[PDB]
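Structure first, commentary second.
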Amino acid sequence: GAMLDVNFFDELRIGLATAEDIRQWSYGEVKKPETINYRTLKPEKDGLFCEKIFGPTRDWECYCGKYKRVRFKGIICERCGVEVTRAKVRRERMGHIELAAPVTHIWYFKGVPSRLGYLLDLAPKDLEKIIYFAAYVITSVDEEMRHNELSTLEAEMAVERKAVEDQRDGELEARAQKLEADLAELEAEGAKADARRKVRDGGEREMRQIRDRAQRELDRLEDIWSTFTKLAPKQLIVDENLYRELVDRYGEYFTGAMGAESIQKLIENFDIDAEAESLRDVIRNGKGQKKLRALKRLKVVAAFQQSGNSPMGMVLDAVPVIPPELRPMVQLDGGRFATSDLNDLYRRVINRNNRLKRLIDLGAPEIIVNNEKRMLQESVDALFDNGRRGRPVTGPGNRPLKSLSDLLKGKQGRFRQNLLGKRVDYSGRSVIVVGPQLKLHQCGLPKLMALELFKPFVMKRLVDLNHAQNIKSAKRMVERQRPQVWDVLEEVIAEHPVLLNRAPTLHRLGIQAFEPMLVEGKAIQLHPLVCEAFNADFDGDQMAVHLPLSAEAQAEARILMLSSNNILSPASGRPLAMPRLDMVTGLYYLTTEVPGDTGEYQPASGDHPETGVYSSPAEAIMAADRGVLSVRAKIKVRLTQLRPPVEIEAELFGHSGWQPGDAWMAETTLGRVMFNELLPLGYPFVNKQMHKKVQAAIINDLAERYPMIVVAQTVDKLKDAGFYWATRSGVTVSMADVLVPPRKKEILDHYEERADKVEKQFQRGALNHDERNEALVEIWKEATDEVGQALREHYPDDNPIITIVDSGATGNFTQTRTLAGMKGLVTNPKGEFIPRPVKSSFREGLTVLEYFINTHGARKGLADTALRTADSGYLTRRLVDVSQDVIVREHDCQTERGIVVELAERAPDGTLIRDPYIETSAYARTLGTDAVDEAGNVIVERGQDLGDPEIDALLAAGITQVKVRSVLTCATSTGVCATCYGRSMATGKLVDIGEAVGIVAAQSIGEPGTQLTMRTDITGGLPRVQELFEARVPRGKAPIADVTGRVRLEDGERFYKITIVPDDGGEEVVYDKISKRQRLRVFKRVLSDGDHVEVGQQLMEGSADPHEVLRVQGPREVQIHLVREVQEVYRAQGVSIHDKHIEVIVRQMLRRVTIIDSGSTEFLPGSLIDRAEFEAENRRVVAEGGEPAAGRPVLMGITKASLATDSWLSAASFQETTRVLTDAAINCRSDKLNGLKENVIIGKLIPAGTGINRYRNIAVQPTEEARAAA
DNA sequence: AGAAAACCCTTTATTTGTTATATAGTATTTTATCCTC
DNA sequence: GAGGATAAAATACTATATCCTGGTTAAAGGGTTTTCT
RNA sequence: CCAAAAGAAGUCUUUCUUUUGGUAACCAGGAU
Ligand SMILES: [Zn+2]
Ligand SMILES: [Zn+2]
C-alpha cells in the first residue's frame, strides 16, 4: 500500500513484526551509547543521533562539510556517508539494535491473561522462572532411543547401585570388626561400665552414620533415575545439581536450555494443528474446568493457526529505535540539555548489550554470561513497559521514566490527548458579559481580539484598497494598528460567522455560531437568551471563539449552527430561547389586571356617559403619559390592527376573518394590548396574565405554526419588553417586605406540648428510641406545614417575594417559608432527621446550634455535586462510544414490526383518562398499523407523524393502543431508517438521511446528569442509571417468577423461602436465601400465600436484574424493562427525555448473540458474535448439508459492547489500549475505517451529515434561462 | 615526579532484605475442603 | 484412604468532566587527568 | 516566516540581488 501516505487509504492493518521486518525498516544499526558531543554540539557517530543513520541535521549539509548546496541531492557523501537531503527525514528514519541474546516481549508474557502461557501451556509463575534464568526447561527429548537405552541403563543403574551398596556393606563389616576389637579390649582387662558404654555408643553411632550415608546416596541415585525415566518436554528442572548430574550421566536423549532462547526453541518445535485439534476435542467432551480452560486456550491457538503469521514474533532478536525528532534533546541556555527520557532507556539497553557482547567473545563462565543476559532481558522490559514487572527504573529525583507504553495509555496518551482533541489556530477566549442590546444572531467581540483573529483577511483588504504597497506593509500596519485598519476590519467581519463554545460541552447547543460585531472592552458580550443553552451565568464564566475559514466551513456555520436556527431542544423539542427571570417578571407585571386602578372603565351613572373607553391604543398610550390611566387598569379599546380571538371573530366578522383594518371593541388592559403588539400580525389576541406556563404555551404554538425567523424576532421583541417593564415593576428586597406569620408562637407552642407528651411517654418506657424519634418527626412535620400555610395566607399578592415566586420567574415557596416563617427539620450526617428541630427563620437569625446542625446537611449537599460532576461526564463518554455507529441511512426499510404504546388506558367506570407521560412515548412516532375502532373506518392511516391533532382524534374515537415504528425493530443492515426513527425533536420534521442520531441520543441522556440528585440499599439516581446501562446485577436484587401458578411461602428464620407451584406440574422453582430485611411485592395487596403469579411477576421489592428477565420473557420484555426503568429515574427528577434516545442505546445493547452449540460453523462456544453475521453464516451452512449453529440472545453493557467493536483503532482509543493492541496484533486485525472516530483520527471526512456521498457529490449548474439572461 | 583540585562514568543493588488510608468491578489463578469411589 | 471437583480467597488489571497559571529540571561516590610545585 | 550587513534604482525611504543567523515532563495552586 501507501508508504508516505497520500490519503488513498482503504484499510489499516496491524500485526506482529519479526526481526526481518525490524531490520528492514532500519536505516542503520545503533551501537554506541552516545547522544551528542557537548563541545562541537554535533551528533556522534553510531550513536543515538548519528546523521548517517537518521539523516542530516541541516538542510542539504553533510557531516564533513564537503556538500552544502541544493544542487547535490540523493547522493551519499563518500567520506562521511551522510546522505544529502532535507533535514525533515529525521522524523521518519528508524534504526535498530542487534541484541546478543534473544529477548521476549513483555506484552505477550506479563499482560493477564499471559498469552505465551496459553500458547505453550505454561503457568505464568514458572514461565517467569524460565525467562529470567531461575530454572532450566526441557526443550526436547528422544522417547524411543530412550526406550532402548533405557532398558540398558536400568540394568546399568542397578549394577551401579549394587556396587555402591556392596562397598558400603564392606565398610560396615570393617566397623563391626572394630567393634569386636573394642569388645576384646573391654572383656580382656578390667574396665567397668564407663568404658563399655563409651565404646558401644561410639560403635553404634558409627554404624548408624554409615547406614545413613548408604541411604542418602541410594536416594540421590534413585532421584536421578526417576527424573530421567519420566523426563518430558516443558519440564522445569529446578535444583541445578540435579540437571548437572542428568546432563553428565545421560547427556543424550534430551536437550535442555534456559532463558528466552529456550522459549524460542519451544516455539520452533511446536505444531499448531495438533494443539488446536486436541483443544477442540477437550471442548467437545471434557466439561468442567478442563473445558473452561480449553475454551480460553483455543482463542490464541486459533488466532495463531488461521493467519499466515508465526508466533515466533513474541521473542525478539532486534529492537527498533524511534526517530530522533520524536525523542529530542534541546539546548536550554547555559549548556544544559533536556532529554526526552527515552534516550536514557535506550542507553541502558545499548550499554547492557555491549557488555554482554564483549563478555561472550572474551570467554567467560556460564554464570556470568547468564547474569548479563538476565539484566539485558530486564532492560528491554523497562524500555517497553517500565514498572510492569518489579521496581520501575527511576531517573533524577526518584521519579519513574516514561517508557514506550506510557506514550499511548490514559488521558495523557497519544490517542486522547492528540488525535481526538487538538489545539487549533484562529482561536481566542475571554470572560463573557451580558449583551442585552444584541439580536439573537449577534455577539460582541472586543476589537483587539477581532483584529487578531481576522489578521489575514484584513491584510488582504489593506493591499486591495491601496492602503499598503505589499503584504509586509499591510502586516506592519495591522501590527501597529493604524487608524484605517478599523475601517477595513468592520467591513471584513460583516456576515462572517464565528463559533462560540463553553466548556464542558455537554450537548450539541454548547457550540453555536453568531455574527460578530465590535465592542469596547475586553469581555465577550453574549445574548441573554442563549445562556440556558450554554448554561452560562455571569459570575466569571469564559468562552472560546473559533473562526471558520473555507466556504463549506462558513456555510455550515450559517445554515446548520446559527444560533437563531436552533430554538428547540433536541432532547425533548421544548424551546430553549424563552424569556426567563427578569423578562418573565416584566412580562408578568405588564399583563396583570389590578381591580380599581387609575382610569378604569366605569359604567354610565345616568348623569354622565361611560368612562374609560378609548378610540385607539394610541389614545391610551397618550393618557398613560399624563397620569390619567394605568397600564394595568381595565379599559375598552377599539382595535383595528389586532386579530380578535376565535369566538369574537366568529360572532362579529364571520365571512373569512378580521382582514387587517376591520375594527372591533376589546375589553382589556393597556399592558395586554402592548404585549399582543409584540406577537405576529395574524396571531389571535391573547387576553391572559403571562405566567411562565402561558408564555411557554404561546412560544410552542408559534414554533409549531410559523417559520423560524418569525419566532426569533418575536422572542427578541419579548426580551426587550420584559427588561423594560421589569425595570418598572418595583421588585426590591427590604426586610420590611419579608413579613412574618402573625401567630407563629401559638402554633409552635401547640406542637411543643405534643412533643413534650411524646418525650414523657418515652421517658416512661412506653416506646423504644426509634418510635419516639418517629413520633417527634411527625409532630414537627405537621408544625412546619401549619406554619407554612399561615405564611402563605398572610402575604399579599403584590409582595415582591411572592410575586417573583408566583410569576414563575425563579424559586419555590419552600425557600420563602425557610426565609420568613421557619426552617424546620434538618438531617444528620447519616441522613436521619434531627428531631429538634430548627425553629428560627433566616430573617430572625439562627442560633449557634441551629446553624451547626444546618451545616451538617449543607456540606453533604455541596459534596454530592462536587463528586457527581465527573460521573456524569464519564457516563456520557461511554454512551457516546457505544452508539457512535447509528446513523440514518435509508428513508424506509418498509418493515411491519413495531412496538405498542399504552396511550391512555381505559378508566374503570368507563372513560379515557390520558396517560400522563404521553409526550415522551407516543408523540413524534410513525404508525406501523392502521387505527380502526368499533368497526369504524381507519381513523389514522399507516405512516403518520402522530402529533397532537392525531392523538386527540384517536382518543375521541376511543382506542387505547397503537402499534408504532421504533428503532428497536428497524430492518436496515447498518444504521436506522428515517421513518422508523420518526420526527426530529429539534427540527420538527422527519429526520434527514445523514443525521447521527446515536450521538444526539447519548448527549440527550447524559447532559441532564449534574441536575440528577443522588438519593438516600436500592440505588435511586445516577448510580442507578449507570448500573442500568452497564447491565450489572442490581444491588437490591429481587427474584422474579419463572412460571405461573400459586406460591407457597415459608417464613423461615433469618431468611424467607419462596417456591412456585407450576400449573403445568413439571418442576418446582425454589428461591432459598432471601433476606428477611427485604419486603414482599404488592401488586394491584402484599404477596399472600397461595396467590397467583404471572410468568414474570416480581416477588420481592427491589430491582430485578435485566439478565434474568431476558432469559425468561424474551428481548421485547427486557427492552420495555430498561426503557421504563431509566425513564422512571429521569421523571422522578423532573427531566423530560423522549423515549427514542433510550431506545437507540438499548438497541445498541442487544446486537449480539451467544454461541452454545458450534455445529459446523467456525464459531467457538461461548463467544459473542453479531446477530447479522450469525444469520448469514447459518444461511451459508444450510447449504452443503444441514447443521445449524445454536444461538441465544445476550445483553451487554455499554463498555463491553463498545470494546467488542470491529475497529481496533476505535477500541484502542476508547480504553485498555495495551490489551486491545496486543490482541489485535495477535489476530492480525484489519481496520476498514468506516466509523466517525476512525475518520476523525486519520483526518478524513466523517460519513455523516454533510460528508456522505448523497450530499458531498452534489453538482451545481446555472439554469439555461439564467445562462442566456446573464 | 608527586600531590591536589577539577573531569568522566555510573546508578538509585535488590538479601538467607528499609514501606500499610479506596472503592468498585471483572477476571484469572490458587487453595482447601468436601464428596465420591 | 486417595483423587477429583467445586467453593473460596487472593492477586491482577482498569476507570474516575473541562479549562487556566506557576515553580524545577540530581546527588553522590569512585577512578582518573591535568596542572602546579 | 523574521532580523542584521553589503550593492543597485527612485523616493528622500520603498523594491530587487548576495551572505549569516534563526521545547517537554512532573508537582502545586485556582476557576466554572
Ligand atoms: Zn560529506
Ligand atoms: Zn427501519
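The chains in the C-alpha cells are called A, B, ... from first to last as shown; in each chain the residues are counted from 1, and the ligands are counted from 1 in the order shown.
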
- Item | Interface list for chain D, partner chain A, 10 Å threshold, only C-alpha atoms (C1' of nucleotides), as a list in words | residues 14, 23, 24, 25, 26, 31 and 32 of chain D

Please save C-alpha atoms (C1' of nucleotides) of the selected residues as a PDB file, in the first residue's frame.
```pdb
ATOM      1  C1'   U D  14      10.184  51.674  -0.704  1.00  0.00           C
ATOM      2  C1'   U D  23      10.873  22.580  23.696  1.00  0.00           C
ATOM      3  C1'   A D  24       8.872  18.892  27.227  1.00  0.00           C
ATOM      4  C1'   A D  25       7.662  16.236  31.810  1.00  0.00           C
ATOM      5  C1'   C D  26       6.480  16.495  36.768  1.00  0.00           C
ATOM      6  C1'   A D  31     -11.949  28.796  38.124  1.00  0.00           C
ATOM      7  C1'   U D  32     -16.592  27.466  36.080  1.00  0.00           C
TER       8        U D  32
END
```

- What are the residues of chain B that have an atom within 9 Å of an atom of chain A, counting only C-alpha atoms (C1' of nucleotides), as number ranges by chain? B: 12, 27-28

- Query: What does the distance from CA of residue 1192 in chain A to CA of residue 1208 in chain A come to in Å, to one decimal?
  - Reply: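 CA of residue 1192 in chain A sits 25.9 Å away from CA of residue 1208 in chain A.
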
Could you work out which residues of chain C fall inside 10 Å of chain A? Count only C-alpha atoms (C1' of nucleotides), and format the result as a PDB file with N, CA, C and O atoms (P, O5', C5', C4', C3', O3' and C1' of nucleotides), in the first residue's frame.
```pdb
ATOM      1  P    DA C   5     -12.786 -33.928  37.874  1.00  0.00           P
ATOM      2  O5'  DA C   5     -14.108 -33.150  38.324  1.00  0.00           O
ATOM      3  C5'  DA C   5     -15.011 -33.743  39.266  1.00  0.00           C
ATOM      4  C4'  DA C   5     -15.540 -32.701  40.230  1.00  0.00           C
ATOM      5  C3'  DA C   5     -15.586 -31.288  39.663  1.00  0.00           C
ATOM      6  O3'  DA C   5     -16.742 -30.613  40.109  1.00  0.00           O
ATOM      7  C1'  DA C   5     -14.250 -31.288  41.592  1.00  0.00           C
ATOM      8  P    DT C   6     -17.474 -29.539  39.168  1.00  0.00           P
ATOM      9  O5'  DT C   6     -18.178 -28.553  40.211  1.00  0.00           O
ATOM     10  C5'  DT C   6     -18.733 -29.072  41.414  1.00  0.00           C
ATOM     11  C4'  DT C   6     -18.271 -28.270  42.617  1.00  0.00           C
ATOM     12  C3'  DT C   6     -18.322 -26.748  42.429  1.00  0.00           C
ATOM     13  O3'  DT C   6     -19.000 -26.132  43.523  1.00  0.00           O
ATOM     14  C1'  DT C   6     -16.224 -27.387  43.269  1.00  0.00           C
ATOM     15  P    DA C  12      -0.237 -10.869  42.193  1.00  0.00           P
ATOM     16  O5'  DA C  12      -0.893  -9.978  41.040  1.00  0.00           O
ATOM     17  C5'  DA C  12      -0.927 -10.482  39.705  1.00  0.00           C
ATOM     18  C4'  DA C  12      -1.912  -9.714  38.842  1.00  0.00           C
ATOM     19  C3'  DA C  12      -1.658  -8.208  38.759  1.00  0.00           C
ATOM     20  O3'  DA C  12      -1.092  -7.865  37.497  1.00  0.00           O
ATOM     21  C1'  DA C  12      -4.000  -8.745  38.982  1.00  0.00           C
ATOM     22  P    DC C  13      -0.878  -6.324  37.094  1.00  0.00           P
ATOM     23  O5'  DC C  13      -2.252  -5.924  36.386  1.00  0.00           O
ATOM     24  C5'  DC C  13      -2.819  -6.781  35.407  1.00  0.00           C
ATOM     25  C4'  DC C  13      -4.034  -6.141  34.768  1.00  0.00           C
ATOM     26  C3'  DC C  13      -3.898  -4.645  34.510  1.00  0.00           C
ATOM     27  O3'  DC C  13      -4.452  -4.303  33.251  1.00  0.00           O
ATOM     28  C1'  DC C  13      -5.747  -5.037  35.938  1.00  0.00           C
ATOM     29  P    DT C  14      -4.239  -2.831  32.652  1.00  0.00           P
ATOM     30  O5'  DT C  14      -5.606  -2.081  32.983  1.00  0.00           O
ATOM     31  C5'  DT C  14      -6.774  -2.378  32.241  1.00  0.00           C
ATOM     32  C4'  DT C  14      -7.941  -1.551  32.733  1.00  0.00           C
ATOM     33  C3'  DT C  14      -7.639  -0.066  32.898  1.00  0.00           C
ATOM     34  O3'  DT C  14      -8.124   0.668  31.791  1.00  0.00           O
ATOM     35  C1'  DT C  14      -8.921  -0.959  34.751  1.00  0.00           C
ATOM     36  P    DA C  15      -7.892   2.251  31.724  1.00  0.00           P
ATOM     37  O5'  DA C  15      -9.103   2.857  32.562  1.00  0.00           O
ATOM     38  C5'  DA C  15     -10.421   2.811  32.049  1.00  0.00           C
ATOM     39  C4'  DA C  15     -11.383   3.531  32.973  1.00  0.00           C
ATOM     40  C3'  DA C  15     -10.904   4.890  33.452  1.00  0.00           C
ATOM     41  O3'  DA C  15     -11.400   5.912  32.612  1.00  0.00           O
ATOM     42  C1'  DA C  15     -11.612   3.548  35.317  1.00  0.00           C
ATOM     43  P    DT C  16     -10.940   7.431  32.831  1.00  0.00           P
ATOM     44  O5'  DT C  16     -11.639   7.849  34.198  1.00  0.00           O
ATOM     45  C5'  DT C  16     -13.028   8.118  34.232  1.00  0.00           C
ATOM     46  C4'  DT C  16     -13.450   8.575  35.613  1.00  0.00           C
ATOM     47  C3'  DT C  16     -12.682   9.765  36.151  1.00  0.00           C
ATOM     48  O3'  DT C  16     -13.277  10.984  35.728  1.00  0.00           O
ATOM     49  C1'  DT C  16     -12.890   8.057  37.827  1.00  0.00           C
ATOM     50  P    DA C  17     -12.354  12.224  35.297  1.00  0.00           P
ATOM     51  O5'  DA C  17     -13.366  13.233  34.587  1.00  0.00           O
ATOM     52  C5'  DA C  17     -14.060  12.839  33.418  1.00  0.00           C
ATOM     53  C4'  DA C  17     -14.671  14.041  32.728  1.00  0.00           C
ATOM     54  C3'  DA C  17     -13.689  15.137  32.362  1.00  0.00           C
ATOM     55  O3'  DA C  17     -13.103  14.897  31.092  1.00  0.00           O
ATOM     56  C1'  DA C  17     -15.571  16.082  33.469  1.00  0.00           C
ATOM     57  P    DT C  18     -11.709  15.589  30.703  1.00  0.00           P
ATOM     58  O5'  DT C  18     -12.069  17.142  30.565  1.00  0.00           O
ATOM     59  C5'  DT C  18     -12.911  17.586  29.512  1.00  0.00           C
ATOM     60  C4'  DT C  18     -13.118  19.094  29.567  1.00  0.00           C
ATOM     61  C3'  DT C  18     -11.851  19.929  29.562  1.00  0.00           C
ATOM     62  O3'  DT C  18     -11.371  20.140  28.246  1.00  0.00           O
ATOM     63  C1'  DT C  18     -13.355  20.743  31.219  1.00  0.00           C
ATOM     64  P    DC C  19      -9.854  20.611  28.007  1.00  0.00           P
ATOM     65  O5'  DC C  19      -9.747  22.019  28.763  1.00  0.00           O
ATOM     66  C5'  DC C  19     -10.274  23.192  28.159  1.00  0.00           C
ATOM     67  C4'  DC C  19     -10.148  24.399  29.076  1.00  0.00           C
ATOM     68  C3'  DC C  19      -8.733  24.834  29.395  1.00  0.00           C
ATOM     69  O3'  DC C  19      -8.184  25.623  28.354  1.00  0.00           O
ATOM     70  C1'  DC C  19     -10.086  24.900  31.360  1.00  0.00           C
ATOM     71  P    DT C  25      15.612  22.404  40.719  1.00  0.00           P
ATOM     72  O5'  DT C  25      15.542  21.481  39.412  1.00  0.00           O
ATOM     73  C5'  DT C  25      15.087  20.136  39.517  1.00  0.00           C
ATOM     74  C4'  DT C  25      15.105  19.434  38.168  1.00  0.00           C
ATOM     75  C3'  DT C  25      16.457  19.448  37.437  1.00  0.00           C
ATOM     76  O3'  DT C  25      16.823  18.120  37.045  1.00  0.00           O
ATOM     77  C1'  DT C  25      14.731  20.150  35.990  1.00  0.00           C
ATOM     78  P    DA C  26      18.293  17.536  37.340  1.00  0.00           P
ATOM     79  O5'  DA C  26      18.796  18.358  38.612  1.00  0.00           O
ATOM     80  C5'  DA C  26      18.148  18.186  39.861  1.00  0.00           C
ATOM     81  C4'  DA C  26      18.971  17.307  40.783  1.00  0.00           C
ATOM     82  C3'  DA C  26      20.454  17.683  40.873  1.00  0.00           C
ATOM     83  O3'  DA C  26      20.778  18.071  42.213  1.00  0.00           O
ATOM     84  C1'  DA C  26      20.159  15.324  40.588  1.00  0.00           C
ATOM     85  P    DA C  27      22.303  18.177  42.711  1.00  0.00           P
ATOM     86  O5'  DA C  27      22.532  16.797  43.483  1.00  0.00           O
ATOM     87  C5'  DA C  27      21.446  16.200  44.188  1.00  0.00           C
ATOM     88  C4'  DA C  27      21.923  15.083  45.096  1.00  0.00           C
ATOM     89  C3'  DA C  27      23.293  15.297  45.710  1.00  0.00           C
ATOM     90  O3'  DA C  27      23.356  14.691  46.996  1.00  0.00           O
ATOM     91  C1'  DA C  27      23.385  13.519  44.100  1.00  0.00           C
TER      92       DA C  27
END
```

- Which value, in Å to one decimal, gives the distance between CA of residue 243 in chain A and CA of residue 136 in chain A? 7.8 Å

- Return as a ChimeraX atom specification every polymer residue, whether protein, DNA or RNA, with at least one atom no more than 8 Å from an atom of ligand 1; count only C-alpha atoms (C1' of nucleotides) and all ligand atoms. /A:61-67,76-84

- Item | helix (DSSP H, G or I) residues, from DSSP on the backbone, in range 312-542 of chain A, as number ranges by chain | A: 312-314, 324-326, 343-361, 366-384, 405-407, 414-419, 447-453, 455-464, 471-480, 484-492, 508-510, 528-534

- Item | Within 8 Å of ligand 2 (only C-alpha atoms (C1' of nucleotides) and all ligand atoms), residues as a ChimeraX atom specification | /A:890-895,965-967,969-972,976-981

- Task: Fewer than 3 positions away in the same chain doesn't count, so skip those; otherwise give me all residues within 7 Å of range 724-727 of chain A, counting only C-alpha atoms (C1' of nucleotides), as number ranges by chain.
- Result: A: 582-583, 585-587, 590, 720-721

For the selection just defined, write its residues with N, CA and C atoms to a file, as a PDB file, in the first residue's frame.
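Below is the file out_11.pdb, written as the result:
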```pdb
ATOM      1  N   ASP A 582     -35.767  38.034  34.866  1.00  0.00           N
ATOM      2  CA  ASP A 582     -36.217  39.416  34.784  1.00  0.00           C
ATOM      3  C   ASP A 582     -37.247  39.624  33.688  1.00  0.00           C
ATOM      4  N   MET A 583     -37.077  38.990  32.532  1.00  0.00           N
ATOM      5  CA  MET A 583     -38.047  39.082  31.455  1.00  0.00           C
ATOM      6  C   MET A 583     -39.401  38.504  31.833  1.00  0.00           C
ATOM      7  N   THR A 585     -40.593  38.301  34.927  1.00  0.00           N
ATOM      8  CA  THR A 585     -41.185  39.235  35.880  1.00  0.00           C
ATOM      9  C   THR A 585     -41.764  40.453  35.172  1.00  0.00           C
ATOM     10  N   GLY A 586     -41.042  40.987  34.190  1.00  0.00           N
ATOM     11  CA  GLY A 586     -41.528  42.158  33.480  1.00  0.00           C
ATOM     12  C   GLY A 586     -42.774  41.878  32.669  1.00  0.00           C
ATOM     13  N   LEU A 587     -42.831  40.705  32.036  1.00  0.00           N
ATOM     14  CA  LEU A 587     -43.999  40.362  31.231  1.00  0.00           C
ATOM     15  C   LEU A 587     -45.185  39.979  32.106  1.00  0.00           C
ATOM     16  N   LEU A 590     -46.664  43.396  33.391  1.00  0.00           N
ATOM     17  CA  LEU A 590     -47.345  44.173  32.362  1.00  0.00           C
ATOM     18  C   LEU A 590     -48.764  43.672  32.126  1.00  0.00           C
ATOM     19  N   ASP A 720     -36.997  42.499  24.865  1.00  0.00           N
ATOM     20  CA  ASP A 720     -36.939  43.945  25.049  1.00  0.00           C
ATOM     21  C   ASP A 720     -38.035  44.427  25.991  1.00  0.00           C
ATOM     22  N   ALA A 721     -39.278  44.019  25.726  1.00  0.00           N
ATOM     23  CA  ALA A 721     -40.387  44.450  26.571  1.00  0.00           C
ATOM     24  C   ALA A 721     -40.236  43.947  28.000  1.00  0.00           C
TER      25      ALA A 721
END
```

- Task: Pick out the residues sitting within 6 Å of residue 901 in chain A, and hand them over as a ChimeraX atom specification; count only C-alpha atoms (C1' of nucleotides), and ignore anything fewer than 2 positions along from it in its own chain.
- Result: /A:903,961-962

Would you mind exporting the chosen residues as a PDB file, in the first residue's frame, restricted to N, CA, C and O atoms?
```
ATOM      1  N   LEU A 903     -50.929   4.697  25.735  1.00  0.00           N
ATOM      2  CA  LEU A 903     -51.857   5.636  25.099  1.00  0.00           C
ATOM      3  C   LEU A 903     -53.226   5.633  25.791  1.00  0.00           C
ATOM      4  O   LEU A 903     -54.239   5.199  25.243  1.00  0.00           O
ATOM      5  N   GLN A 961     -54.578   1.565  22.328  1.00  0.00           N
ATOM      6  CA  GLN A 961     -53.261   1.050  21.971  1.00  0.00           C
ATOM      7  C   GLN A 961     -53.051   1.163  20.469  1.00  0.00           C
ATOM      8  O   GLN A 961     -53.941   0.816  19.685  1.00  0.00           O
ATOM      9  N   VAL A 962     -51.872   1.639  20.074  1.00  0.00           N
ATOM     10  CA  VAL A 962     -51.469   1.739  18.677  1.00  0.00           C
ATOM     11  C   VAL A 962     -50.082   1.131  18.530  1.00  0.00           C
ATOM     12  O   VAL A 962     -49.238   1.266  19.422  1.00  0.00           O
TER      13      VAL A 962
END
```

- Message: If we count only C-alpha atoms (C1' of nucleotides) and set the cut-off at 8 Å, which residues sit around range 15-31 of chain A, ignoring sequence neighbours fewer than 5 positions away in its own chain? Please answer as a list in words.
- Response: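 Everything that qualifies: residues 46, 47, 48, 52, 53, 54, 93, 94, 95, 96, 97, 98, 309, 312, 313, 314, 316, 317, 318, 319, 320, 350, 354, 1224, 1225, 1226, 1227, 1228 and 1229 of chain A.
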
Okay, now the selection with N, CA and C atoms, as a CSV table (one decimal), in the first residue's frame?
```csv
chain,number,residue,atom,x,y,z
A,46,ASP,N,27.5,6.5,15.0
A,46,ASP,CA,27.0,5.3,15.5
A,46,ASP,C,26.3,5.4,16.9
A,47,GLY,N,25.8,6.6,17.2
A,47,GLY,CA,25.1,6.9,18.4
A,47,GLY,C,23.6,6.9,18.3
A,48,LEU,N,23.0,7.5,19.2
A,48,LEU,CA,21.5,7.6,19.1
A,48,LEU,C,21.1,8.8,18.2
A,52,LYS,N,24.4,9.7,9.8
A,52,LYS,CA,24.5,8.7,8.8
A,52,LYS,C,23.2,7.7,8.9
A,53,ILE,N,22.8,7.4,10.1
A,53,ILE,CA,21.7,6.6,10.3
A,53,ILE,C,20.4,7.3,10.1
A,54,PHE,N,20.2,8.5,10.8
A,54,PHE,CA,18.9,9.1,10.8
A,54,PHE,C,18.7,10.3,9.9
A,93,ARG,N,13.1,8.2,9.8
A,93,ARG,CA,14.1,7.1,9.7
A,93,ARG,C,14.3,6.5,11.0
A,94,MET,N,14.3,5.1,11.0
A,94,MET,CA,14.5,4.3,12.2
A,94,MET,C,15.8,3.6,12.1
A,95,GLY,N,16.4,3.3,13.3
A,95,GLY,CA,17.5,2.4,13.4
A,95,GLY,C,17.1,1.1,14.1
A,96,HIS,N,18.0,0.3,14.4
A,96,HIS,CA,17.8,-0.9,15.2
A,96,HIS,C,19.0,-1.3,16.0
A,97,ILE,N,18.8,-2.1,17.1
A,97,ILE,CA,19.8,-2.6,17.9
A,97,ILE,C,19.9,-4.1,17.8
A,98,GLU,N,21.0,-4.6,17.5
A,98,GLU,CA,21.2,-6.0,17.3
A,98,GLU,C,21.6,-6.7,18.6
A,309,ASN,N,0.8,-15.5,9.8
A,309,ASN,CA,1.8,-15.1,10.7
A,309,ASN,C,2.2,-16.2,11.7
A,312,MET,N,6.6,-16.8,16.4
A,312,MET,CA,8.0,-16.5,16.8
A,312,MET,C,8.2,-15.0,17.0
A,313,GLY,N,7.3,-14.2,16.6
A,313,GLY,CA,7.4,-12.7,16.8
A,313,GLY,C,7.3,-12.3,18.3
A,314,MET,N,7.0,-13.2,19.2
A,314,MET,CA,7.0,-12.9,20.6
A,314,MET,C,8.4,-12.8,21.2
A,316,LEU,N,12.2,-11.6,20.7
A,316,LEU,CA,12.9,-10.6,19.8
A,316,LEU,C,14.4,-10.9,19.7
A,317,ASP,N,14.9,-10.6,18.5
A,317,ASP,CA,16.3,-10.7,18.2
A,317,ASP,C,16.9,-9.3,17.8
A,318,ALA,N,16.0,-8.3,17.4
A,318,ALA,CA,16.4,-7.0,17.2
A,318,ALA,C,15.4,-6.0,17.8
A,319,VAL,N,15.8,-4.8,18.2
A,319,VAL,CA,15.0,-3.8,18.8
A,319,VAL,C,15.0,-2.6,17.9
A,320,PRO,N,13.8,-2.0,17.5
A,320,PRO,CA,13.8,-0.8,16.7
A,320,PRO,C,14.0,0.4,17.6
A,350,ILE,N,21.6,-0.3,25.3
A,350,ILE,CA,22.8,-0.4,24.5
A,350,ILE,C,24.0,-0.7,25.4
A,354,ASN,N,26.2,-4.1,24.8
A,354,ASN,CA,27.6,-4.1,24.5
A,354,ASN,C,28.4,-4.9,25.5
A,1224,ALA,N,-5.2,-7.4,19.1
A,1224,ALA,CA,-5.4,-7.1,17.7
A,1224,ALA,C,-4.1,-7.5,16.9
A,1225,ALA,N,-2.9,-7.3,17.4
A,1225,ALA,CA,-1.7,-7.8,16.8
A,1225,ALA,C,-1.7,-9.3,16.7
A,1226,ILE,N,-2.1,-10.0,17.7
A,1226,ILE,CA,-2.1,-11.4,17.7
A,1226,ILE,C,-3.1,-12.0,16.6
A,1227,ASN,N,-4.3,-11.3,16.5
A,1227,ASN,CA,-5.3,-11.7,15.5
A,1227,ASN,C,-5.0,-11.1,14.1
A,1228,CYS,N,-4.1,-10.2,14.0
A,1228,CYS,CA,-3.8,-9.6,12.7
A,1228,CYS,C,-5.0,-8.9,12.1
A,1229,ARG,N,-5.6,-8.1,12.9
A,1229,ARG,CA,-6.9,-7.4,12.5
A,1229,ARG,C,-6.6,-6.3,11.5
```

- Residues within 12 Å of range 2-12 of chain D, only C-alpha atoms (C1' of nucleotides), excluding chain neighbours under 4 positions, as an MDAnalysis selection string: (chainID A and resid 472) or (chainID D and resid 16:22)

- Task: Within range 551-661 of chain A, find each residue whose DSSP state, derived from the backbone, is strand (DSSP E), and express the selection as a PyMOL selection string.
- Result: chain A and resi 613-614+634-639

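Residue nearest residue 34 in chain B within the list C:4, C:11, C:34, C:29: C:4 [criterion: smallest interatomic distance, only C-alpha atoms (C1' of nucleotides)].
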
- Query: CA of residue 428 in chain A to CA of residue 522 in chain A: how many Å, to one decimal?
  - Reply: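 Separating CA of residue 428 in chain A from CA of residue 522 in chain A is a distance of 11.7 Å.
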